[PDB]
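Only one chain comes next, encoded as structure tokens, the form solved without the partner chain.
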């Protein structure tokens, strides 16, 4: 049932990506802006069987699409999502400017920032915790080096194509 995943209305923020447990309709379509697979060929997917098929979905900025790949680096890859170096699956993305774009800005979707340690492959950190700081306790923001660990996107109806929102879903196969 891929329709539940590729046609849902509510999506999750990148710091709290959603996981699901489970082809010609996919690779014959032309709406998808990006379509890349690692370790396997899309045309050969009908000739194999697997026990597990996971689907992960979230929304990110258009400029950050390149970060969803094995061996990449950046804020999203370091603190929000991370693929192994021997990943096996596909990455799908398409423009979503007609949705998730309100006059004045959405400020609904968030992304983590100022984390202290890089994430391990396939893990999520969702709880808003005490603010990142130095050697001094912090319970607010006054702390000139104290910062709230989350930030919000500023999606608006008019912006550069690089700043428009994109919906992305990642498929994983394992037996």
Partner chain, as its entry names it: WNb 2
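Only residues modelled in both forms are compared. Throughout, rigid core stands for the largest set of C-alpha atoms superposing within 1.5 Å between the two forms. Positions refer to the first chain, counted from 1.
Just so you know, the form solved in complex with the partner chain exists too; it's not on screen, but the next bit is about it.
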Stretch 131 to 151: residues contacting the partner chain in the bound PDB entry, 4.5 Å heavy atom cut-off: 136, 142, 143, 144, 145, 147, 148, 150, 151
Of 40, 150, 53, 130, which one has a Cα that moves 2 Å or more between this form and the one not shown once the core is lined up? 130
I want to check residue 139: does it shift between this form and the one not shown by 2 Å or more at the Cα, with the core superposed? yes
Regions shifting between this form and the one not shown, defined as 3+ consecutive residues whose CA atoms all move 2 Å or more relative to the core: 130 to 137, 139 to 144
